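J.: So I pulled this structure from the PDB, and the sequence comes with it:
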There are 2 protein chains.
Amino acid sequence: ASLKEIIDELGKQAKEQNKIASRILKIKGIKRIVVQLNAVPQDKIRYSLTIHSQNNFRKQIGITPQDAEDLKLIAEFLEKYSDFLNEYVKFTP
Amino acid sequence: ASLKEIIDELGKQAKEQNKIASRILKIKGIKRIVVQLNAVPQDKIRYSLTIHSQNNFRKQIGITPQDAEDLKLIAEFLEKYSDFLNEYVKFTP
């Protein structure tokens, strides 16, 4: 599944259910942080990326120094898809 | 306030109160993401860094492509202090 494909599936699902539709993005090279894409309905669908631990998935992530490389890789993912994303979808304000 | 100084103040406060003691870390160059250091008591004090939005401070942050640079700067902060931190404190597992 390409990013676009996941976007499209999560938008569809969120629209049909009128609730948050989420999916883990399998970004290469990330060791510990789990990245999840969410489609959030309002009126309208808005997207966000949330980060998560493995150990306490539903809780808020507690970052440690060992997450530095993961964080850079998330940053790089965002830049690589930035132009596409900003044309293709709208994010939570 | 140096990092060590904030660490020491948050450890002291968390120990005296038996509850989470938090403080925003004023890391230079970060535009939007708010970084907060937390001291969490168990038995023992464990530290975490959490990230936050300005707009929905208490909610979970929804990352967007515009946060890429902030994320890199957090990564760089973590690497710059990594050796000190891993000697000086213990993190949430």
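T.: That came in fine, so what should we check first? Numbers count the residues shown, from 1 in each chain, chains lettered A, B, ... in the order given.
J.: Just confirm residue A:54 contacts residue A:34, I think it does.
T.: Yes - using Cβ atoms under 8 Å, residue A:54 makes contact with residue A:34 at a distance of 6.3 Å. For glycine as for every other residue, the C-beta is placed from the backbone atoms N, C-alpha and C.
J.: can you tell me the helix or strand for the most centrally placed residue in chain A?
T.: Nearest to the mean C-alpha position of chain A, counting by Cα atoms, centre = their mean, stands residue A:37 at 2.5 Å. Assigned by DSSP states H and E, residue A:37 belongs to strand A:34-41.
J.: how about stretch A:83-92, does it get close to chain B?
T.: Yes - applying Cβ under 8 Å from any Cβ of the partner chain, one finds stretch A:83-92 touching chain B at A:85-86, A:91-92.
J.: Dump these to JSON lines, plus secondary structure.
T.: JSON lines is the format used below for those (DSSP: H, G, I helix; E, B strand; the rest coil):
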{"residue": "A:85", "secondary structure": "helix"}
{"residue": "A:86", "secondary structure": "helix"}
{"residue": "A:91", "secondary structure": "strand"}
{"residue": "A:92", "secondary structure": "coil"}
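J.: Buried ones among those residues?
T.: Using 16 or more other Cβ atoms under 10 Å in any protein chain shown as the burial test, these include A:85, A:91-92 as buried.
J.: got the residues of chain A near chain B?
T.: With Cβ under 8 Å from any Cβ as the criterion, chain A meets chain B at residues A:38, A:48-51, A:55, A:60-65, A:67-69, A:71-72, A:74-76, A:78-79, A:81-82, A:85-86, A:91-93.
J.: Got a PyMOL select line for the buried ones in these?
T.: In PyMOL syntax, the buried subset of the residues of chain A next to chain B is picked out as below (16+ other Cβ under 10 Å):
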select buried, chain A and resi 38+48+49+50+51+60+61+62+63+64+65+67+68+69+71+72+74+75+78+85+91+92
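J.: which residues of chain A fall in helices?
T.: A:3-17, A:68-88 (DSSP state H).
J.: and the shortest one, what does it pack onto?
T.: In this structure, helix A:3-17 packs against strand A:21-25, strand A:34-41, strand A:45-52, helix A:68-88, with contacts taken as 3 or more Cβ pairs under 8 Å, 6 or more residues apart in numbering or on different chains; DSSP states H and E.
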